[PDB]
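J.: Sequence plus experimental coordinates follow:
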Amino acid sequence: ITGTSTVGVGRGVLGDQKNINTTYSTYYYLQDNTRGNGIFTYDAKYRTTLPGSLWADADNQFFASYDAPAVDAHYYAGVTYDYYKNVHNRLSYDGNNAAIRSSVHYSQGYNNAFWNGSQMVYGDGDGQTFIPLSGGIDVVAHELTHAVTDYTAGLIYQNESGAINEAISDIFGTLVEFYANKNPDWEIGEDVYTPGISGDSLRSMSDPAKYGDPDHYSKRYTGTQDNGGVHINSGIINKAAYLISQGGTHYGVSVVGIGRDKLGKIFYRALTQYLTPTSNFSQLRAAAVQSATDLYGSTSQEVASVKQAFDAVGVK
Ligand SMILES: CC(C)CNC(=O)[C@H](CC(C)C)NP(=O)(O)CNC(=O)OCc1ccccc1
Ligand SMILES: [Ca+2]
Ligand SMILES: [Ca+2]
Ligand SMILES: [Ca+2]
Ligand SMILES: [Ca+2]
Ligand SMILES: [Zn+2]
């Protein structure tokens, strides 16, 4: 909408106060004009018609319980935009400052979040498996990263390419979480998963097997559930990424860690310069090795560590 840029204040899903960029024209809208061609947050009103209505508020204060998922979707989209711009020189998901749109309060008791091809969509959860999913910065960045993938590598959402697609979203979700630097970890969705159970998460990158996800290619799922296991086999790539960054010895194979920033550079380059819609795990290894070679040189520690990590998870 046409209006003047304003700054509202509110509370997110976890009860934390934050400022949000809004737009004033009769109402205050969740429209952040400070980033690209805008970040827009919508109310789906417990229904499934999208996007719903651009979020309107009378007083620019967002402290109601109903407001909380909108505050966080809007704010964490901003953080994710900042990460891609500041760290990778990428302007929004398309590289040309496309408007970023999110809808919250999608459906009823909805235990998921997704990119629908055009926008991000967040359920409120059922209060048992999830609380509103935009409360997780890693979740928001995971979703926006699906848009980045779709505009770049275009990894088909099934089997090995789909598991890479998922892992890319978990990797950058985690790197954005570290970028914001509030309780960062290598777990996925811990802030919004199972409010009645402390210390767990939806997935773990550091130890995928803690939730039954494979951490070695020999343990990959090859059935048809979950688009051929895209949220399961992602553990194999998540583990490799974790090892590249943090190091470790895994099934007897030692990996020298090179840190998060270099992991991000290597995987961003692989995603945008080498991966294709049909890339499999072996092709991802090759893409990561080539990316590290481009950035750091063939004889570098970074290249050696990429090879070690993929060796450790059984991907040749
Ligand atoms: C068991 C589920 C919770 C799995 N979902 C996830 O792991 C994450 C959310 C977590 C990061 C919290 N959501 P996601 O991977 O974006 C869900 N994916 C998904 O719905 O894809 C299917 C799809 C939807 C719309 C258009 C094309 C294809
Ligand atoms: Ca208000
Ligand atoms: Ca965390
Ligand atoms: Ca996390
Ligand atoms: Ca929990
Ligand atoms: Zn995903």
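T.: Cool, the structure landed. Residues are numbered from 1 along each chain as shown. Ligands and ions are numbered 1, 2, ... in the order given.
J.: Could I get the contacting residues of the spatially most central residue of the chain?
T.: Closest to where the C-alpha atoms of the chain average out (C-alpha atoms, centre = their mean) is residue 142, at 1.4 Å. Residue 142 is in contact with 113, 169-170, 172-173, 188, counting by C-beta atoms under 8 Å, 6 or more residues apart in numbering. Quick note: C-beta positions are derived from backbone N, CA and C, even for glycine.
J.: any chance of those in JSON lines, plus secondary structure and distance to ligand 2?
T.: JSON lines is the format used below for the contacts of residue 142 (DSSP: H, G, I helix; E, B strand; the rest coil; distance: C-beta to the ion, whole Å):
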{"residue": "113", "secondary structure": "strand", "distance to ligand 2": "24"}
{"residue": "169", "secondary structure": "helix", "distance to ligand 2": "32"}
{"residue": "170", "secondary structure": "helix", "distance to ligand 2": "34"}
{"residue": "172", "secondary structure": "helix", "distance to ligand 2": "32"}
{"residue": "173", "secondary structure": "helix", "distance to ligand 2": "29"}
{"residue": "188", "secondary structure": "strand", "distance to ligand 2": "32"}
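J.: near ligand 5, from those?
T.: Restricting the contacts of residue 142 to those within reach of ligand 5 (C-beta under 5 Å from the ion) leaves nothing.
J.: the helices in the stretch 1-150 of the chain, which residues?
T.: Along the stretch 1-150 of the chain, counting by DSSP state H, counting those that start in this stretch, helices occupy 68-88, 137-151.
J.: Let me know whether the first one sits next to ligand 2.
T.: No. No part of helix 68-88 sits close enough to ligand 2 to count as contact by C-beta under 5 Å from the ion; the gap is at least 10.6 Å.
J.: touching ligand 3 at all, that helix?
T.: No. Helix 68-88 lies apart from ligand 3 when judged by C-beta under 5 Å from the ion; the minimum separation is 12.3 Å.
J.: Mind listing what's buried along that helix?
T.: By 16 or more other C-beta atoms under 10 Å, the buried positions in helix 68-88 come out as 68-81, 83-84, 87-88.
J.: Name all residues that make contact with residue 31.
T.: 1, 3, 21-23, 38-41, 54.
J.: near ligand 4, which residues of the protein show up?
T.: 138, 177, 185, 187.
J.: Pull out the buried residues from these.
T.: Of the residues of the chain next to ligand 4, these count as buried by 16+ other C-beta under 10 Å: 138, 177, 187.
J.: Among the residues of the chain next to ligand 4, which lie within helices?
T.: If you go by DSSP state H, the residues of the chain next to ligand 4 have 138, 177 in helices.
J.: Which residue does this structure have closest to ligand 1?
T.: Evaluated by C-beta to the nearest ligand atom, the chain has residue 114 as its residue closest to ligand 1, separated by 3.5 Å.
J.: Hmm, residue 121 and that residue touching each other?
T.: Yes. The criterion here is C-beta atoms under 8 Å, and residue 114 meets it with residue 121 at 5.3 Å.
J.: between those two, what contacts are shared?
T.: residue 143.
J.: residue boundaries of the strands in the stretch 1-150 of the chain?
T.: For the stretch 1-150 of the chain, strands defined by DSSP state E, counting those that start in this stretch occupy the ranges 4-11, 17-25, 27-29, 31-32, 39-43, 53-54, 56-57, 61-62, 100-106, 113-115, 120-123.
J.: helices and strands around the last one, which ones?
T.: Under the contact definition 3 or more C-beta pairs under 8 Å, 6 or more residues apart in numbering; DSSP states H and E, strand 120-123 sits against helix 68-88, strand 100-106, strand 113-115, helix 137-151.
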